[PDB]
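Single chain ahead, by itself, as structure tokens, in the form deposited in one PDB entry.
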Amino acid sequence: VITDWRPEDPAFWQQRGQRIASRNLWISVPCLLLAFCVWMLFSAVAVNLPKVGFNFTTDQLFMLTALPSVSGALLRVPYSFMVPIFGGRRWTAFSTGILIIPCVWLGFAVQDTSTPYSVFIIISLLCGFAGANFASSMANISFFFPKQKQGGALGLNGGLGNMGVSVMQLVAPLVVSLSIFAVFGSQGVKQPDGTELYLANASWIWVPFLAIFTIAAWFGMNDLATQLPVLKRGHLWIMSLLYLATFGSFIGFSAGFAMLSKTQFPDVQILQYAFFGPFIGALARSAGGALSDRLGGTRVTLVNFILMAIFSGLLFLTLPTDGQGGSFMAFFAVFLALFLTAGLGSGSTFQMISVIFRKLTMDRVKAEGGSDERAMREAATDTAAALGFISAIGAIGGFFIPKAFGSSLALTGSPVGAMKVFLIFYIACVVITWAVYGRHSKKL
């Protein structure tokens, strides 16, 4: 539909470009925000499942939590490929729209305790599709902006997008105590304290908003007429660990924190507070990116990783052993530090990756001869392709962290096994980051 698109031309940006770009960003954001809601749905639902009569083991509950990152991580690169094929307009609507399927489904499944575990697996995997909308959403919205304004534009899209996790964790525990949707078949379950739990509401609540913004994408967003070899580059694989330790930890803690808290402090209503982790984690991401812009992303990343390690070590002192020899207040504080520090890490790592990967490619093609034009060109495309692939690999952390808790608990009755692996991982990361700093990035 839009065949003349010249965002770098000031006149064009004034008469038509900015208006168009602005409308597309402000439909993009709520669409992405909702996807993140759906992606992490089981982080609030699985804790409430035994409260409605389900008898799944602890590991099974963590698994339901973990799996949507597997399918999300898998579809991220296919999803980025989709937006040039079907256009940003129809694909945003569609990638938003289909999420009504798991939402609606989970609602009924949750009211029937004869629903097999297998059915929840399937739903869990379907929610994961929402994890892939990022790759697609981000790819798309960059085309609507000139180079000078893309950082701001992508920052806001991804930024507010990641907010979806904490807004879902915020309202899901609240709507779950109301008897709305009675006429759609919601049924309450009386709890020990005398109140009533409407678990269907946790997912059903997003259906009206999903539908509203599917429409908004279809009629409101526009289409604009305007990779393999990068896997061989070893630096991509090194960088992918860093993002996975940061972004993967943001998501992974988002998925597993509430379930873990219940296993460690069974008498705390953690869903009253859990949303605050992903909240500050999402805000930290943008702060991480801003600090990297001014200070250098590897420097920020390195310090952050050191904090990540320290804070993951402190977490052991907060735990009960075995009866109740622990402290929930310290446990929470520390996790907020880990949430914050993971989010910050997301942003510093992401910024660092694109910087390091641009200069590596620039220097390489210059070294074999080639115009500055061809140098900038191949630096552009390769980093774009590198960043997509990293962002896919990173999401795997969202599976590994809660799944590790689950296996740790099932095999030892303690989470200490899972936390030992995390600590080691962070330690290796500060070493890896120290390395690139000494090897590439100290000279900037």
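The term rigid core refers to the maximal set of C-alpha atoms that superpose within 1.5 Å between the two forms. A residue's number is simply how far along the shown sequence it sits, counting from 1.
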| property | result |
| --- | --- |
| Coordinates absent for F184 in a third or more of other entries | yes |
| Other entries lacking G234, at least a third | yes |
| Residues of the deposited sequence that sit between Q227 and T226 yet are not modelled | 4 to 9 |
| Between 138-146 and 120-128 (mean CA B-factor, as deposited), the higher | 138-146 |
| Stretch exceeding the other in mean C-alpha B-factor - 368-376, 244-252 | 368-376 |
| C-alpha B-factor winner, where the candidates are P208, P278, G234, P102 | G234 |
| Candidate set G97, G72, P84, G158 [ranked by C-alpha B-factor, highest] | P84 |
| Chain-wide C-alpha B factor ranking for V110, given as lowest, middle or highest third | lowest |
| Relative C-alpha B-factor of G164, binned into the chain's lowest, middle or highest third | lowest |
| B-factor third for the C-alpha atom of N201 within its chain | lowest |
| CA B-factor ranking of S407, expressed as a third of its chain | middle |
| Relative C-alpha B-factor of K262, binned into the chain's lowest, middle or highest third | middle |
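Beyond what is shown, the protein has a form deposited in another entry; the following relates to that form.
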item	value
Flagged residue of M419, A379, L49, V29 - C-alpha shift reaching 2 Å or more between the shown form and the other one, core superposed	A379
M352 C-alpha relocation of at least 2 Å between the shown form and the other one, rigid core basis	yes
Core-aligned C-alpha movement of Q150 between the shown form and the other one, 2 Å or more	yes
Rigid core fit then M362 CA moved by 2 Å or more between the shown form and the other one	yes
Direction of C-alpha distance change in the other form, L25 to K149 (at least 3 Å)	farther
Cα-Cα shift for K149 and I215, closer or farther in the other form, minimum 3 Å	farther
